[PDB]
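Asker: I'd like to ask some things about the structure below.
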Amino acid sequence: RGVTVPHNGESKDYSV
């Protein structure tokens, strides 16, 4: 599964 790195109030989804 990818790692979710949410920024300043934002949600990021990293697919590895």
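By convention in this document, the chains of the structure tokens carry letters A, B, ... by their order, each chain's residues are numbered from 1, and ligands are numbered from 1 in the order they are shown.
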Considering only C-alpha atoms, return as an MDAnalysis selection string whatever protein or nucleic-acid residues lie within 7 Å of residue 13 in chain A, sequence-local ones (same chain, fewer than 2 positions apart) excluded.

Answerer: chainID A and resid 2:5 11 15

Asker: Among chain A, which residues carry a DSSP assignment of strand (DSSP E or B), reported as JSON, numbers by chain?

Answerer: {"A": [3, 4, 13, 14]}
